[PDB]
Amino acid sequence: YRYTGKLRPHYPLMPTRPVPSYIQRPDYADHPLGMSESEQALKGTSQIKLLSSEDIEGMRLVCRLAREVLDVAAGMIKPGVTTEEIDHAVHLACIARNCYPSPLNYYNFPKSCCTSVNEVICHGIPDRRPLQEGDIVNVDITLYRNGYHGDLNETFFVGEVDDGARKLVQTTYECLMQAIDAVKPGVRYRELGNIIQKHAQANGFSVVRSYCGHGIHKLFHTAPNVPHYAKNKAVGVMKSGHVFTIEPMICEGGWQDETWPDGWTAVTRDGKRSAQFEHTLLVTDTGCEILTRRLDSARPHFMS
């Protein structure tokens, strides 16, 4: 395999971390290939669930807990810390909150969260590589509690970073917030991509096309599929009660992506950097509720 940039996987990975049996597990948790029958039982369907009061309270809770766990990871970002150390803390934080770390064994994903450094677009596997000064790293968190999944992610700076990194991360967050600002009943899901690409393109960046936002609730990934690029064929119209994510991945160079031999790590084909931000949203009558919002601060960690 010909790597696209300077990053390389750092094996071996510590033995799989166990989750106490008292924590409720999703269906794929114990599947040999990590397959989700409940999810596949809807694969291909474009119909979108309309959550009930019970579902909404369930989503508000797991999403709040997921934010708490991302904040734990955020406090560990610094030169010298390995992504595996971050994952360990995330794993323990999920357990402490009586939640199962959704990524664990999801289609056999080996860890409890995704850590994506520099050219890694998404799904980076926490490993033995120490974070280096100047790196940017995204931590994507998803928790499962009482049958519901809560999903969010942020890109962080490791020590001081160059202007290019600052601009990429800042623009990516702005893309996310502009998209969220347009969410309300009646808006087509395909519209978000137009908003995102417009801003990314205006700043000299490209939008990843292989991965999209997604519905989430009793399932980790389900309808609707939400592309982040312009003129897409996304199917569906927003309605009060819908819950989904917007998680744009923006790149310094081209948008082309490819996967590492591990079957998960997605990287830019040109080896340039990529950043991402994500929130789980609940469409309301007046717009939308950002279920994964930070509660003790009006801004994401990178502007600190």
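The term rigid core refers to the most C-alpha atoms you can superpose between the two forms while keeping them within 1.5 Å. One-based numbering along the sequence shown.
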item: RMS CA shift, core-fitted in 5 other deposited structures of this protein, bigger for 41 to 49 or for 241 to 249; value: 41 to 49
item: 78 to 86 set against 133 to 141, stretch whose average Cα temperature factor tops the other in the entry; value: 78 to 86
item: Higher-B stretch (mean Cα B-factor, as the entry records it), 287 to 295 or 15 to 23; value: 15 to 23
item: Highest recorded Cα temperature factor - choice among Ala234, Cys175, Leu192, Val158; value: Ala234
item: Residue, from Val69, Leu42, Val62, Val243, that the PDB entry assigns the highest Cα B-factor; value: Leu42
item: Where the record places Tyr100 (Cα B-factor, split into thirds across the chain); value: lowest
item: Third of the chain's Cα B-factor distribution that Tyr106 belongs to, per the entry; value: lowest
item: Lowest, middle or highest third - CA B-factor, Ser52; value: highest
item: Ranked against its chain, the third holding the CA B-factor of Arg273; value: lowest
item: Chain thirds of CA B-factor: placement of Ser116; value: lowest
